[PDB]
Visitor: 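This is the structure, below, for whatever I ask next.
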Amino acid sequence: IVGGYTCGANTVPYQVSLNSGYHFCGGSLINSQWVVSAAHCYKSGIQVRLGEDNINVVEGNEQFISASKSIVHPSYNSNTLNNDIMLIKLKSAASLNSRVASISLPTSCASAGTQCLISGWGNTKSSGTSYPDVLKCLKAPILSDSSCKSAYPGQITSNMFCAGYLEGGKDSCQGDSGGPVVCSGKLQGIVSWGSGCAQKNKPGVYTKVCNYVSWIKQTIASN
Amino acid sequence: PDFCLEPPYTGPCXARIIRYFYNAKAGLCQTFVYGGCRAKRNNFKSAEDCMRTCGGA
Ligand SMILES: [Ca+2]
């Protein structure tokens, strides 16, 4: 996260880290057994780390639970990035508590201008590389489909939305993928892609979770 | 054009996945951050794969 702030330990209790010997993506806990992340975060051997703040230290509230299933959307397109969503089943159920909690799925899509909270352990620099120890947070608005398509001609599908600030300075970045965009207590987005980080005229692009609610509920229930 | 001589490509996705690329200036396979999509070919999952494919380029 570029241009954000330190969340505070366990203030975003649905945020998880996906670990494959190191942190490579985020995710969002949606029940004690299931996490939502991005399809491009698929790897075998994922370990989900819950209750994290400092991801480089063992601080006392962590739960480390292996993925038992990592289910990419069946229509994920790795060239257009359409349907960039994945469901991860935990091999055992997480113990839910004040620092490890689920986030609700949307009941309807969010509108342009709705303010959301984006979080993760991704790079904090727009030029260069600095990866934080602790979780970072950013408040940013959903942008109009028209502005999104203007920023990225030919690239934005009905399952993507843009969020951020056109002036630059505030964005998700490498290592934030898969993580949450939460608006009024609902998971409306998944960190997906962009063009650079925090550049002028280049807002972040996010998977539009509201389009997948029926699929998410049925896939979870079928596995 | 030898793909082993191309600079490493992070791409537009926002993961932080460690991959290898052949660095012809140094003569060695080196690590870089891959964002998770739209990989180019100078992008390997291990040093061994990179050395096999690009070593000596
Ligand atoms: Ca920790």
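These numbers come from the heavy atoms of this one structure, side chains and all, not from hydrogens, waters or symmetry mates. Throughout, a chain's letter reflects where its sequence line sits, starting with A, and its residues are numbered from 1.
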Visitor: Please state whether the rings of B:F32 and B:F21 are parallel, tilted or perpendicular, taking 30° and 60° as the class boundaries.
Guide: perpendicular

Visitor: Is there a donor in the side chain of A:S17 and an acceptor in the side chain of A:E52, or the other way round, less than 3.5 Å apart?
Guide: no

Visitor: If we only count heavy atoms from C-beta on, is the A:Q63 to A:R49 side-chain gap below 4.5 Å?
Guide: no

Visitor: Pair up each side-chain donor or acceptor in residues 30-39 of chain A with any protein partner under 3.5 Å, not counting sequence neighbours, and list the distances.
Guide:
from: A:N31; atom 1: OD1; to: A:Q33; atom 2: N; distance (Å): 2.9
from: A:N31; atom 1: OD1; to: A:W34; atom 2: N; distance (Å): 3.1
from: A:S37; atom 1: OG; to: A:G26; atom 2: O; distance (Å): 2.9

Visitor: For the backbone of A:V134 and the side chain of A:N54, can you confirm whether one donor and one acceptor N or O come within less than 3.5 Å of each other?
Guide: no

Visitor: May I ask you to establish whether B:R16 and A:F24 are in a cation-pi arrangement, using a distance under 6.0 Å from NZ or CZ to the six-membered ring centre and at most 45° from the ring axis?
Guide: no

Visitor: Sub-3.5 Å donor-acceptor pair from the side chain of A:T219 to the main-chain atoms of A:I216, do we have one?
Guide: no

Visitor: With no hydrogens and no angle check, just 3.5 Å: does a side-chain donor-acceptor pair link A:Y206 and A:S172?
Guide: yes

Visitor: Is any side-chain heavy atom of A:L135 closer than 4.5 Å to one of A:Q15?
Guide: yes

Visitor: Mind checking the OG-CD1 spacing from A:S150 to A:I156? Nearest 0.5 Å is all I need.
Guide: 10.5 Å

Visitor: State the CD-OG distance between A:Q155 and A:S195, to the nearest 0.5 angstrom.
Guide: 8.0 Å

Visitor: Assess whether side-chain contact (heavy atoms from CB on, under 4.5 Å) is satisfied between A:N19 and A:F64, documenting all intermediate values.
Guide: CA-CA 9 Å; A:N19 186 286; A:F64 292 175; over 6 Å; no

Visitor: Would you say A:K136 and A:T6 are linked by a side-chain donor-acceptor pair, where the criterion is simply a distance under 3.5 Å?
Guide: yes

Visitor: Find the distance between CD1 (A:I118) and SG (A:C183) and round it off to the nearest 0.5 Å.
Guide: 8.0 Å

Visitor: Among side-chain atoms of A:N159 and A:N82, is any donor-acceptor pair under 3.5 angstrom?
Guide: yes

Visitor: Taking C-beta and beyond as the side chain, do B:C37 and A:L81 meet within less than 4.5 Å on heavy atoms?
Guide: yes

Visitor: May I ask you to decide if A:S130's main-chain N or O and A:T124's side chain share a donor-acceptor pair within less than 3.5 Å?
Guide: yes

Visitor: For A:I88 and A:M86, run side-chain contact (heavy atoms from CB on, under 4.5 Å): C-alpha distance rounded to whole Å, both residues' side-chain angles, the deciding distance at 0.1 Å, then the answer.
Guide: CA-CA 7 Å; A:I88 295 169; A:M86 173 173 68; 3.8 Å; yes

Visitor: Does the pair A:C162/A:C148 show an SG-SG distance of less than 2.5 angstrom?
Guide: yes

Visitor: Please answer whether the main-chain N or O of A:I55 pairs with a side-chain N or O of A:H23 as donor and acceptor at a distance below 3.5 Å.
Guide: no

Visitor: Given A:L117 and A:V181, is the side-chain contact (heavy atoms from CB on, under 4.5 Å) satisfied, shown in steps?
Guide: CA-CA 6 Å; A:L117 180 69; A:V181 181; over 6 Å; no

Visitor: Roughly how far, to the nearest 0.5 Å, is the CG atom of A:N77 from the OG atom of A:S75?
Guide: 9.0 Å

Visitor: Check whether any side-chain heavy atom of B:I18 lies under 4.5 Å from a side-chain heavy atom of A:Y22, and answer yes or no.
Guide: yes

Visitor: Check whether any side-chain heavy atom of A:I103 sits under 4.5 Å from a side-chain heavy atom of A:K186, and report yes or no.
Guide: no

Visitor: Measuring from B:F44:CZ to B:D49:CG, what's the distance to the nearest 0.5 Å?
Guide: 7.5 Å

Visitor: With hydrophobic residues grouped by side-chain heavy-atom distances under 4.5 Å, do A:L187 and A:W215 end up in a single group?
Guide: yes

Visitor: With the 4.5 Å side-chain cut-off for hydrophobic clustering, are A:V58 and A:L18 part of the same group?
Guide: no

Visitor: Is A:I46 linked to A:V16 within one hydrophobic cluster, defined over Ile, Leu, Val, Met, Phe, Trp and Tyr using a side-chain heavy-atom separation of less than 4.5 Å?
Guide: yes

Visitor: Would you find a donor on one side and an acceptor on the other, under 3.5 Å apart, between the side chain of A:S147 and the backbone of A:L143?
Guide: no

Visitor: Taking the six-membered ring for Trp, are the ring centroids of A:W193 and A:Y152 within less than 6.0 Å of each other?
Guide: yes

Visitor: Measuring only between side-chain heavy atoms, which start at C-beta, is A:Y42 closer than 4.5 Å to A:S44?
Guide: yes

Visitor: Are A:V2 and A:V205 linked, directly or through intermediate hydrophobic residues, by side-chain heavy-atom contacts shorter than 4.5 Å (ILVMFWY only)?
Guide: no

Visitor: Show your reasoning for whether side-chain contact (heavy atoms from CB on, under 4.5 Å) applies to A:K208 and A:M160.
Guide: CA-CA 5 Å; A:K208 187 165 179 174; A:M160 296 172 191; 6.0 Å; no

Visitor: Test your reading of the model: is there a side-chain donor-acceptor pair from A:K200 to the backbone of A:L166, 3.5 Å cut-off?
Guide: no

Visitor: Examine B:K40 relative to B:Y9 and say whether NZ or CZ is less than 6.0 Å from the centre of the six-membered ring and inside a 45° cone about the ring axis.
Guide: yes

Visitor: Quick check against the 3.5 Å criterion: does A:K69 have a side-chain atom that pairs as donor or acceptor with the backbone of A:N223?
Guide: yes

Visitor: Are A:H40 and A:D84 linked by a side-chain donor-acceptor pair shorter than 3.5 Å?
Guide: yes

Visitor: Just verifying a value: how many Å separate A:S126 OG and A:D171 CG, rounded to the nearest 0.5 Å?
Guide: 9.5 Å

Visitor: Does B:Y22 have more than 12 heavy atoms from other residues, nucleotides or ligands lying within 6.0 Å of its OH?
Guide: yes

Visitor: When you measure from the side chain of A:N211 to the backbone N and O of A:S158, does any donor-acceptor pair fall under 3.5 Å?
Guide: yes

Visitor: Please check: side-chain N/O of B:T10 versus main-chain N/O of B:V33, any donor-acceptor pairing under 3.5 Å?
Guide: yes

Visitor: Please check if the side chain of A:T114 supplies one atom and the backbone of A:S111 the other of a donor-acceptor pair under 3.5 Å.
Guide: yes

Visitor: May I ask you to test the A:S98-A:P13 pair for a side-chain heavy-atom distance under 4.5 Å?
Guide: no

Visitor: Among the clusters formed by ILVMFWY side chains lying less than 4.5 Å apart, do A:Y212 and A:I71 turn up in the same one?
Guide: yes

Visitor: Looking at every non-hydrogen atom in both residues, tell me the closest pair between B:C54 and B:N42 and how far apart they are.
Guide: SG-OD1, 4.3 Å

Visitor: With side chains defined as the heavy atoms from C-beta onward, is the minimum distance between A:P106 and A:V209 less than 4.5 Å?
Guide: yes

